[PDB]
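Mapping of the sequence shown onto the deposited numbering: residues 1 to 126, 141 to 249, in sequence order. Where is the CB? At the ideal position from N, CA and C, for every residue including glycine.
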Amino acid sequence: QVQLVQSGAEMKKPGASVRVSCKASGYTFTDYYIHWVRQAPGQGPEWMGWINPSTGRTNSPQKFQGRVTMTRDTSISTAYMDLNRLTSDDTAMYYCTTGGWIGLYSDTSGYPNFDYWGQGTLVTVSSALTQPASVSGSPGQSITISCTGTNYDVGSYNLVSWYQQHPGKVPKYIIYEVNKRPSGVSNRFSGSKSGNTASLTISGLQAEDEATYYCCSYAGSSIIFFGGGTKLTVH
């Protein structure tokens, strides 16, 4: 019963600071990376950072590099995210997810493998990878969503993961490492890759498949990219 329980919704004024909590249970806290992600209203997702619970090493991208302070408390097994200098642009839903396994012989920090998600923390203050805007299909058909990157990411790594999101719901693990399927994932989803473009394939399209689909990839110096998103419509 792996479960991540985040802090309560908050609303802050411009210029303030905010702390979001995340208490994980049902597994060993110090063996899995913790990632922080957020979602602006109407917009898509934006990767905020990763943190090693065991060592305390954290890295966030170069747009949060001054404002975000990610910490952890091992005694109580709780991750913390602190954001400073808030603006109307920081109004978003904040998720913490579980990353790759903290290994001796590897480095799974930048693995976009978010199998477990929190419930989300709504905070209100008052392009990266290219996906097509919308893709249409009729029931029974087979459709494909494309995800174009560069040579330094999806060109040189088989480290792309696909996530599904219904409106008002938490993102869902669909594909990881380009082609592989997690537990419970319908066999209708398959992953593919060519050059600087990965692709998610849905065969026997159905009404349950109506949602927005995002693609995640490695991004170079221990950083992760998110896609813009693609809306599937079922006729």
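Residue range of the unbroken beta strand (DSSP E) whose run includes residue i
i	result
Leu-83	78-83
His-35	32-39
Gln-3	3-6
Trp-117	Run containing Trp-117: none; DSSP gives neither H nor E here.
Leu-246	244-248
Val-174	174-179
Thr-162	157-162
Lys-12	10-12
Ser-150	148-151
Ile-238	238-240
Test: residue i CB closer than 8 angstroms to a CB of chain C
i	result
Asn-59	The structure shown has no chain C; it contains just one protein chain.
Residue environment, residue i, which counts as buried when at least 16 other CB atoms sit within 10 Å
i	result
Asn-201	exposed
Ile-76	exposed
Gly-163	buried
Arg-72	buried
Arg-38	buried
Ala-225	buried
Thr-98	buried
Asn-113	buried
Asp-107	exposed
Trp-101	exposed
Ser-126	exposed
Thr-58	buried
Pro-185	buried
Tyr-33	buried
Where residue i falls: helix, strand or coil (DSSP)
i	result
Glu-191	coil
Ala-212	strand
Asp-223	helix
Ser-21	strand
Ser-88	helix
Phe-29	helix
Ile-51	strand
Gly-100	strand
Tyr-166	coil
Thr-124	strand
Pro-45	strand
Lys-186	strand
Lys-207	strand
Identity of the residues DSSP links to residue i by a beta bridge
i	result
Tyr-95	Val-37
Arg-202	Partner(s): none; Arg-202 has no beta bridge.
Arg-72	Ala-79
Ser-109	Paired residue(s): none; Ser-109 is not in a bridge.
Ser-231	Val-174, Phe-239
### Task
Take every Cβ of the region 86-100, pair it with every Cβ of the region 145-161, and state whether three or more of those distances are shorter than 8 angstroms.
Segments in contact, no.
### Query
For the region 9-21 against the region 64-84, are there 3 or more C-beta pairs whose distance is under 8 angstroms?
Verdict: yes, contact present.
### Query
Are three or more beta carbon pairs between the region 53-64 and the region 1-10 nearer than 8 angstroms?
The region 1-10 and the region 53-64 do not touch, with fewer than three beta-carbon pairs separated by less than 8 angstroms.
### Task
Say whether the region 143-155 touches the region 189-209, bearing in mind that this needs 3 or more beta-carbon pairs closer than 8 angstroms, one atom from each stretch.
They do not touch, by the three-pair rule.
### Query
Per the contact definition of three or more C-beta pairs closer than 8 angstroms, is the region 222-242 in contact with the region 31-47?
Contact between the region 31-47 and the region 222-242 is present, because at least three Cβ pairs lie under 8 angstroms.
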